[PDB]
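The data below hold one chain only, encoded as C-alpha coordinates and taken in the form deposited in one PDB entry.
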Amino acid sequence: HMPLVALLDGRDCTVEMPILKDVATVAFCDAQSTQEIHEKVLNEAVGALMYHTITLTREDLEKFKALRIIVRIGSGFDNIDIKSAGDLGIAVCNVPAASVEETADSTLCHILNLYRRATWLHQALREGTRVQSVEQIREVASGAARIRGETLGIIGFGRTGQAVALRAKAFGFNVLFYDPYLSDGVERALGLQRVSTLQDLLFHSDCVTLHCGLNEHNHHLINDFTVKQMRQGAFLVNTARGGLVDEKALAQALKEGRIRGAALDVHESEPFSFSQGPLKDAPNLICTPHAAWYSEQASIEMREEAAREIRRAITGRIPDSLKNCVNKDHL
(Lines give C-alpha, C1' and ligand atoms only; values in the text may rest on other atoms or scores of the structure.)
Protein backbone atom coordinates (compact mmCIF):
# COMPACT_ATOMS: atom_id res chain seq x y z
CA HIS A 1 0.00 0.00 0.00
CA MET A 2 1.66 3.16 -1.31
CA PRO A 3 1.43 6.74 -0.04
CA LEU A 4 -1.55 8.80 -1.13
CA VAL A 5 -1.15 11.90 -3.30
CA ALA A 6 -4.07 14.25 -3.95
CA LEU A 7 -4.76 16.70 -6.77
CA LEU A 8 -6.56 19.17 -4.54
CA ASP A 9 -8.12 21.71 -6.90
CA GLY A 10 -8.62 19.67 -10.06
CA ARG A 11 -10.04 16.56 -11.62
CA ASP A 12 -7.59 15.50 -14.35
CA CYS A 13 -4.54 13.47 -13.31
CA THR A 14 -3.97 11.73 -16.65
CA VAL A 15 -0.58 13.29 -17.36
CA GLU A 16 0.72 12.62 -13.86
CA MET A 17 -0.28 9.01 -13.30
CA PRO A 18 2.13 7.27 -15.72
CA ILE A 19 4.89 8.88 -13.65
CA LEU A 20 3.42 8.06 -10.23
CA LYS A 21 1.69 4.73 -10.90
CA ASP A 22 4.05 2.50 -8.91
CA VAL A 23 4.85 5.25 -6.39
CA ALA A 24 1.61 6.60 -4.92
CA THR A 25 -2.14 6.20 -5.00
CA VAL A 26 -3.47 9.23 -6.89
CA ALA A 27 -6.81 10.82 -5.97
CA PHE A 28 -8.40 14.16 -6.84
CA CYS A 29 -10.81 16.45 -5.02
CA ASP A 30 -11.90 19.15 -7.52
CA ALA A 31 -12.07 21.45 -4.51
CA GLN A 32 -12.14 25.24 -4.54
CA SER A 33 -11.63 25.27 -0.75
CA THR A 34 -10.31 23.00 1.98
CA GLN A 35 -13.86 22.54 3.27
CA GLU A 36 -14.60 20.48 0.15
CA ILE A 37 -11.78 17.96 0.73
CA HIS A 38 -12.81 14.47 1.85
CA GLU A 39 -11.33 13.68 5.25
CA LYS A 40 -9.61 10.60 3.81
CA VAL A 41 -7.18 12.92 2.03
CA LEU A 42 -6.76 15.27 4.99
CA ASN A 43 -5.68 12.51 7.37
CA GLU A 44 -3.71 10.27 4.99
CA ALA A 45 -2.51 12.43 2.08
CA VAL A 46 1.29 12.28 2.06
CA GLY A 47 1.69 14.58 -0.94
CA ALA A 48 -0.42 17.18 -2.71
CA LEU A 49 -0.59 18.65 -6.20
CA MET A 50 -2.26 22.01 -6.59
CA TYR A 51 -2.96 24.86 -9.00
CA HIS A 52 -3.98 28.45 -8.22
CA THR A 53 -7.72 28.09 -7.46
CA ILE A 54 -7.34 27.02 -3.81
CA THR A 55 -5.50 28.83 -1.01
CA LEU A 56 -3.89 27.04 1.94
CA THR A 57 -3.52 29.10 5.11
CA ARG A 58 -1.90 27.93 8.33
CA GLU A 59 -5.37 26.76 9.38
CA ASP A 60 -5.94 24.92 6.10
CA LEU A 61 -2.54 23.24 6.36
CA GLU A 62 -3.05 22.25 10.01
CA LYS A 63 -5.96 20.03 8.93
CA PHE A 64 -3.61 17.71 7.03
CA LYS A 65 -2.32 15.05 9.43
CA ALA A 66 0.21 13.26 7.21
CA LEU A 67 1.07 15.66 4.36
CA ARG A 68 4.79 16.17 3.85
CA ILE A 69 5.05 17.73 0.37
CA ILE A 70 3.01 20.22 -1.63
CA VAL A 71 3.90 20.79 -5.28
CA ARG A 72 2.37 23.80 -7.01
CA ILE A 73 1.78 22.94 -10.67
CA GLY A 74 3.02 26.34 -11.81
CA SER A 75 5.43 29.10 -10.93
CA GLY A 76 3.55 31.21 -8.39
CA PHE A 77 2.93 30.03 -4.83
CA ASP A 78 1.37 33.12 -3.22
CA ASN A 79 -1.74 31.01 -2.56
CA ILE A 80 0.16 28.89 0.00
CA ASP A 81 1.41 29.97 3.43
CA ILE A 82 4.87 28.60 2.70
CA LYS A 83 6.41 29.69 6.01
CA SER A 84 3.67 28.01 8.07
CA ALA A 85 3.89 24.98 5.78
CA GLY A 86 7.60 24.86 6.61
CA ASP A 87 6.89 25.28 10.32
CA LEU A 88 4.54 22.28 10.10
CA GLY A 89 7.24 20.28 8.33
CA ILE A 90 5.73 20.39 4.83
CA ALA A 91 7.98 21.12 1.86
CA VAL A 92 6.41 23.41 -0.75
CA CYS A 93 7.67 23.29 -4.33
CA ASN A 94 6.80 24.89 -7.66
CA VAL A 95 7.45 24.46 -11.39
CA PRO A 96 8.94 27.77 -12.56
CA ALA A 97 10.27 27.30 -16.07
CA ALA A 98 7.43 25.80 -18.10
CA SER A 99 5.53 28.99 -18.96
CA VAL A 100 8.21 31.70 -18.99
CA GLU A 101 7.99 32.38 -22.72
CA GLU A 102 4.25 31.71 -22.96
CA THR A 103 3.63 34.45 -20.40
CA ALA A 104 6.06 36.86 -22.07
CA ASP A 105 4.26 36.21 -25.36
CA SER A 106 0.86 36.83 -23.78
CA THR A 107 2.31 39.97 -22.19
CA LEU A 108 3.62 41.32 -25.50
CA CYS A 109 0.25 40.46 -27.04
CA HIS A 110 -1.53 42.59 -24.43
CA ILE A 111 1.03 45.39 -24.78
CA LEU A 112 0.52 45.46 -28.54
CA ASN A 113 -3.25 45.16 -28.08
CA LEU A 114 -3.16 48.41 -26.11
CA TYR A 115 -0.82 50.30 -28.44
CA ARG A 116 -2.55 49.00 -31.59
CA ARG A 117 -6.12 48.49 -30.31
CA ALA A 118 -6.51 45.35 -32.44
CA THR A 119 -8.75 43.67 -29.85
CA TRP A 120 -10.89 46.78 -29.39
CA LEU A 121 -11.00 47.29 -33.17
CA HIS A 122 -12.28 43.74 -33.63
CA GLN A 123 -15.01 44.32 -31.05
CA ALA A 124 -16.15 47.43 -32.92
CA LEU A 125 -16.61 45.31 -36.04
CA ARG A 126 -18.41 42.63 -34.01
CA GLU A 127 -20.75 45.36 -32.73
CA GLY A 128 -21.42 46.46 -36.31
CA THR A 129 -19.37 49.65 -36.60
CA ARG A 130 -18.94 50.78 -40.22
CA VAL A 131 -15.44 52.05 -41.03
CA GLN A 132 -15.54 53.29 -44.63
CA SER A 133 -13.44 56.48 -44.85
CA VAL A 134 -9.82 57.01 -43.89
CA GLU A 135 -11.41 59.49 -41.33
CA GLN A 136 -13.63 56.84 -39.63
CA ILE A 137 -10.46 54.70 -39.40
CA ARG A 138 -8.65 57.43 -37.46
CA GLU A 139 -11.66 57.92 -35.19
CA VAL A 140 -12.35 54.23 -34.51
CA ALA A 141 -8.62 53.59 -34.08
CA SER A 142 -8.12 56.81 -32.10
CA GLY A 143 -5.50 56.21 -29.41
CA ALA A 144 -3.30 53.84 -31.42
CA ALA A 145 0.24 55.11 -30.89
CA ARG A 146 3.70 54.71 -32.38
CA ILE A 147 5.76 52.36 -30.25
CA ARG A 148 9.31 53.41 -31.16
CA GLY A 149 10.56 55.79 -28.48
CA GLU A 150 7.97 54.78 -25.90
CA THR A 151 9.32 53.61 -22.55
CA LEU A 152 8.35 50.21 -21.13
CA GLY A 153 8.80 49.90 -17.37
CA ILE A 154 9.19 46.34 -16.12
CA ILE A 155 8.50 45.65 -12.44
CA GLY A 156 10.26 42.37 -11.70
CA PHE A 157 13.31 41.44 -13.76
CA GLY A 158 13.32 37.67 -13.35
CA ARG A 159 12.82 35.04 -16.03
CA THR A 160 9.54 36.32 -17.48
CA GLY A 161 10.53 39.96 -17.05
CA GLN A 162 13.76 39.43 -18.98
CA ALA A 163 11.93 37.61 -21.78
CA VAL A 164 9.56 40.58 -21.96
CA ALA A 165 12.51 42.97 -22.20
CA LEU A 166 14.20 41.02 -25.00
CA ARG A 167 11.02 41.01 -27.08
CA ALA A 168 10.18 44.63 -26.28
CA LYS A 169 13.59 45.78 -27.52
CA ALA A 170 12.84 44.55 -31.04
CA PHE A 171 9.76 46.81 -31.33
CA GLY A 172 11.77 49.93 -30.46
CA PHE A 173 10.77 50.24 -26.81
CA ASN A 174 13.10 51.99 -24.38
CA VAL A 175 13.07 49.35 -21.64
CA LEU A 176 13.66 50.08 -17.96
CA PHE A 177 13.14 47.72 -15.03
CA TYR A 178 12.86 47.97 -11.25
CA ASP A 179 13.86 44.94 -9.15
CA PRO A 180 15.14 45.81 -5.66
CA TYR A 181 16.46 42.27 -5.01
CA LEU A 182 18.87 41.73 -7.90
CA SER A 183 22.61 42.26 -7.60
CA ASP A 184 24.56 45.17 -9.04
CA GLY A 185 25.02 45.08 -12.80
CA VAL A 186 22.29 42.74 -14.06
CA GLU A 187 21.14 45.62 -16.27
CA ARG A 188 24.54 45.74 -17.99
CA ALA A 189 24.67 42.13 -19.20
CA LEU A 190 21.38 42.69 -21.04
CA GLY A 191 21.89 46.25 -22.27
CA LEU A 192 19.11 47.89 -20.27
CA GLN A 193 18.60 50.80 -17.91
CA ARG A 194 17.67 50.12 -14.29
CA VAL A 195 16.06 52.40 -11.71
CA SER A 196 16.29 52.38 -7.94
CA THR A 197 12.66 52.90 -6.92
CA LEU A 198 9.13 52.15 -8.04
CA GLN A 199 8.44 55.89 -8.23
CA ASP A 200 11.22 56.35 -10.79
CA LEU A 201 9.97 53.44 -12.91
CA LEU A 202 6.39 54.71 -12.94
CA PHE A 203 7.64 58.25 -13.56
CA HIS A 204 9.48 57.39 -16.79
CA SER A 205 7.30 54.61 -18.24
CA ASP A 206 4.56 55.12 -20.80
CA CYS A 207 3.56 51.46 -20.28
CA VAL A 208 4.02 49.59 -16.99
CA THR A 209 4.06 45.78 -16.99
CA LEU A 210 4.21 43.60 -13.88
CA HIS A 211 6.36 40.47 -13.68
CA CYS A 212 7.05 39.93 -9.98
CA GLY A 213 5.64 37.37 -7.59
CA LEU A 214 3.09 38.36 -4.96
CA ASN A 215 4.84 38.43 -1.58
CA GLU A 216 4.15 39.90 1.85
CA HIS A 217 5.71 43.27 0.91
CA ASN A 218 4.03 44.18 -2.38
CA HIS A 219 0.30 43.59 -1.95
CA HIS A 220 -1.41 46.41 -3.85
CA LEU A 221 1.93 47.62 -5.20
CA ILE A 222 -0.19 49.62 -7.65
CA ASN A 223 -2.44 51.60 -5.29
CA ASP A 224 -4.17 54.98 -5.21
CA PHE A 225 -0.89 56.58 -4.14
CA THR A 226 1.46 54.95 -6.65
CA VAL A 227 -1.08 55.35 -9.47
CA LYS A 228 -0.71 59.12 -9.11
CA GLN A 229 3.01 58.62 -9.81
CA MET A 230 2.22 57.12 -13.23
CA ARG A 231 2.54 59.25 -16.34
CA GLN A 232 -0.69 60.75 -17.64
CA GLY A 233 -2.29 58.41 -20.15
CA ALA A 234 0.00 55.51 -19.25
CA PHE A 235 -0.67 51.83 -19.94
CA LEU A 236 -0.77 49.10 -17.30
CA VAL A 237 -0.34 45.39 -18.04
CA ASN A 238 -0.61 42.58 -15.48
CA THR A 239 0.00 38.92 -16.29
CA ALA A 240 1.58 38.26 -12.87
CA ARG A 241 -0.77 38.32 -9.87
CA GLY A 242 -4.08 40.06 -9.30
CA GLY A 243 -3.24 40.97 -5.71
CA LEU A 244 -0.55 43.37 -6.92
CA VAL A 245 -3.11 45.99 -8.04
CA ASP A 246 -5.79 47.93 -6.17
CA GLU A 247 -8.57 47.58 -8.74
CA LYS A 248 -10.61 50.32 -7.06
CA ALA A 249 -7.70 52.70 -7.71
CA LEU A 250 -7.28 51.40 -11.27
CA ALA A 251 -11.01 51.62 -12.03
CA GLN A 252 -11.00 55.32 -11.12
CA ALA A 253 -7.79 56.03 -13.04
CA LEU A 254 -9.27 54.50 -16.19
CA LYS A 255 -12.54 56.42 -15.76
CA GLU A 256 -10.74 59.75 -15.33
CA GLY A 257 -8.24 59.01 -18.10
CA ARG A 258 -5.13 59.11 -15.91
CA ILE A 259 -4.53 55.60 -17.29
CA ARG A 260 -5.42 55.26 -20.97
CA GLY A 261 -5.83 51.47 -20.86
CA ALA A 262 -5.13 48.30 -18.93
CA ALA A 263 -4.66 44.67 -19.99
CA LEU A 264 -5.15 42.17 -17.17
CA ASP A 265 -4.79 38.39 -17.31
CA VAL A 266 -5.10 38.22 -13.50
CA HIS A 267 -7.43 39.91 -11.03
CA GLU A 268 -7.98 40.42 -7.32
CA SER A 269 -10.97 38.03 -7.37
CA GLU A 270 -11.04 35.18 -9.90
CA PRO A 271 -12.86 34.05 -11.93
CA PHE A 272 -13.22 37.52 -13.46
CA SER A 273 -16.51 38.93 -14.75
CA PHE A 274 -17.25 42.14 -16.61
CA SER A 275 -20.42 42.40 -14.50
CA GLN A 276 -19.01 41.93 -10.97
CA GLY A 277 -16.26 43.82 -9.19
CA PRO A 278 -14.65 47.25 -8.99
CA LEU A 279 -13.96 47.25 -12.75
CA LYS A 280 -17.66 46.62 -13.48
CA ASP A 281 -17.90 49.75 -15.66
CA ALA A 282 -14.27 50.72 -16.21
CA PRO A 283 -13.37 51.81 -19.77
CA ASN A 284 -10.41 50.81 -21.95
CA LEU A 285 -10.10 47.43 -20.23
CA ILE A 286 -8.83 44.23 -21.84
CA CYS A 287 -9.09 41.04 -19.80
CA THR A 288 -8.13 37.38 -20.22
CA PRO A 289 -9.11 34.63 -17.74
CA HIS A 290 -5.70 33.83 -16.23
CA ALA A 291 -4.49 32.09 -19.39
CA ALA A 292 -1.24 33.94 -20.15
CA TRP A 293 0.63 30.84 -18.98
CA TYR A 294 -1.18 28.25 -21.07
CA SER A 295 0.12 26.40 -24.08
CA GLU A 296 -0.46 22.70 -24.74
CA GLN A 297 3.27 21.98 -24.44
CA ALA A 298 3.61 24.17 -21.35
CA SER A 299 0.67 22.50 -19.61
CA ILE A 300 2.12 19.03 -20.23
CA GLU A 301 5.66 20.07 -19.27
CA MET A 302 4.63 21.53 -15.91
CA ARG A 303 2.43 18.57 -14.97
CA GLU A 304 5.12 16.01 -15.79
CA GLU A 305 7.73 18.01 -13.87
CA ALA A 306 5.44 18.35 -10.85
CA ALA A 307 4.70 14.62 -10.94
CA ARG A 308 8.44 13.92 -10.96
CA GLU A 309 8.91 16.29 -8.01
CA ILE A 310 6.28 14.34 -6.08
CA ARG A 311 8.07 11.11 -7.03
CA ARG A 312 11.41 12.47 -5.82
CA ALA A 313 9.87 13.43 -2.47
CA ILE A 314 8.27 10.04 -1.83
CA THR A 315 11.19 7.88 -2.96
CA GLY A 316 13.98 10.18 -1.77
CA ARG A 317 14.91 12.40 1.18
CA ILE A 318 13.20 15.75 1.80
CA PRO A 319 14.29 18.43 0.99
CA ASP A 320 17.57 17.23 -0.49
CA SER A 321 16.04 15.38 -3.44
CA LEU A 322 13.69 18.21 -4.47
CA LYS A 323 14.68 20.35 -7.45
CA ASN A 324 12.36 23.33 -6.86
CA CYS A 325 11.66 23.59 -3.13
CA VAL A 326 10.72 27.17 -2.24
CA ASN A 327 10.74 26.95 1.57
CA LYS A 328 14.06 25.26 2.34
CA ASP A 329 14.73 28.05 4.84
CA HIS A 330 11.47 27.59 6.75
CA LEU A 331 11.75 23.78 6.61
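The first residue of the sequence shown is number 1, and the count goes up from there.
There is another form of this protein, the form deposited with a small molecule bound, and it is not shown here; the text below is about that form.
> Using a 4.5 Å cut on heavy atoms, which of 263, 302, 67, 56 is close to the small molecule in the deposited bound form?
Replying inline: Flagged contact: 302.
>> Can you pick out, from 84, 226, 75, 113, the residue that has a heavy atom within 4.5 Å of the small molecule in the deposited bound form?
In response: Of the candidates 84, 226, 75, 113, 75 is the one lying within 4.5 Å of the small molecule in the deposited bound form.
> Does the small molecule get within 4.5 angstroms of any non-hydrogen atom of residue 28 in the deposited bound form?
Replying inline: The answer is no: residue 28 has no heavy atom within 4.5 Å of the small molecule.
>> Can you tell me whether residue 272 touches the small molecule? I mean in the deposited bound form, with a 4.5 angstroms heavy atom cut-off.
In response: No, residue 272 is distant from the partner.
> Pick from 287-295, 58-66, 30-38, 273-281: which stretch has a heavy atom within 4.5 Å of the small molecule in the deposited bound form?
Replying inline: Comparing against the small molecule in the deposited bound form, the contact stretch is 287-295.
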